[PDB]
Amino acid sequence: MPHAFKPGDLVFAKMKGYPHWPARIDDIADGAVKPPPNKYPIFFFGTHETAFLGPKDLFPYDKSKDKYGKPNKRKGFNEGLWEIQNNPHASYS
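Residues numbered from 1 in each chain as written, not as in the entry; some residues may be left out. Heavy atoms only, no water. Residues with missing side-chain atoms left out of burial classes, pairs and counts.

As deposited, the entry is annotated with X-ray crystallography as its determination method and 1.77 Å as its resolution.

Shown next, in the form of structure tokens:
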């Protein structure tokens, strides 16, 4: 049975104008900017960008990859697919 999201969880993350995108829930480093209430820091594989999202835009990776884990023309996406599958917990900084 599901828990709340926690750092290290793998997801597809949805933003307006973009396909559901391979991502992870990030940690927040000591002294780093914190997310608004009820939002999570989302690290997007491939683009290596961060955005703040709530659970409605977050789809667990295992359950959703059959639907969402297929190649895409968008910049960084296929790189993203490789990272989430092959080294999702690596430092990309």
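Moving on, there is more to tell.
K.L.:
How should I be thinking about the packing of aromatic side chains in this particular structure?
P.N.:
To describe a pair of aromatic rings, you give the distance between the ring centres and the angle between the ring planes. Following the criterion strictly, the structure yields nine aromatic pairs and no others. Note on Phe43 and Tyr92: the rings are 6.0 Å apart at their centroids and 25 degrees apart in plane angle, and the pair reads as stacked. Of the two residues, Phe43 is situated in strand β3 (residues 40–44) and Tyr92 in the segment after α2 (77–86); the sequence distance between them amounts to 49 residues. Its relative accessible area of 7% is what places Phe43 among the buried residues. Feature note: the residues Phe12, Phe59, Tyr61 and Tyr68 constitute an aromatic cluster, connected by ring pairs. The ring centre of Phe43 lies 4.6 Å from the NZ or CZ of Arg24, which sits over that ring. (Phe/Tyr/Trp six-rings, centres within 6.5 Å; stacked < 30°, edge-to-face > 60°. Helix = DSSP H or I, 4+ residues; strand = E, 2+ residues; numbered from the N terminus. Buried < 20%, exposed > 50% of the residue type's maximum accessible area, 1.4 Å probe, protein only. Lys NZ or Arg CZ within 6 Å of the ring centre and 35° of its normal.)

K.L.:
Would you mind showing me how to read the UniProt feature "domain: PWWP" in the protein here?
P.N.:
Mapped onto this numbering, the UniProt entry gives "domain: PWWP" at residues 7–64. For the annotated span residues 7–64, helix accounts for 7% and strand for 36% of the residues, and the straight-line distance between the end C-alpha atoms is 18 Å. (UniProt positions renumbered as here; feature names shortened; annotations may be inferred.)

K.L.:
Can you walk me through the sheet that holds strand β4 (residues 50–53) in this structure?
P.N.:
Ordered by their spatial adjacency, five strands build an open sheet running β4-β3-β2-β1-β5, and the pairing between neighbours is antiparallel. Lying at the two open borders of the sheet, with one neighbouring strand each, are β4 and β5 (58–60). Recorded for the sheet is a direction-independent mean angle of 45 degrees between the axes of neighbouring strands. Where strand β1 (residues 10–13) lies against β5, three bridges are found, and the strand directions are antiparallel. Residue pairing for β5: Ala13 is matched across the bridge by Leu58. Against the sheet, helix α1 (residues 61–68) touches β1 and β5, its axis set at about 100 degrees to β5. (Pairing = 2+ DSSP bridges. Axes fitted to C-alpha atoms, helices over the stretch in contact; angles between N-to-C directions. Contact = heavy atoms within 4.5 Å.)

K.L.:
Mind showing me how you'd approach the pattern of salt bridges here?
P.N.:
Where charged atoms from two side chains of opposite charge approach closely, those side chains can pair. For the structure on display, the rule yields four salt bridges. A salt bridge links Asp26 to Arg24; the nearest nitrogen and oxygen atoms lie 2.9 Å apart. Judged by its relative accessible area of 11%, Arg24 falls in the buried class. (Salt bridge = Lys/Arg side-chain N within 4 Å of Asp/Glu carboxyl O.)

K.L.:
Sorry if this is basic, but what is going on with the side chain of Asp9 here?
P.N.:
Mapped onto the fold, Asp9 is located in the segment before β1. Given the relative accessible area of 16%, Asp9 is considered buried. Reaching out from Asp9, the side chain makes a polar contact with the side chain of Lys6 at a distance of 2.9 Å. If near-sequence neighbours (up to four positions away) are discounted, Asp9 is found in contact with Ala4, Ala23, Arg24 and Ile25. (Polar contact = N/O pair within 3.5 Å; in protein donor to acceptor, adjacent residues only side chain to side chain.)

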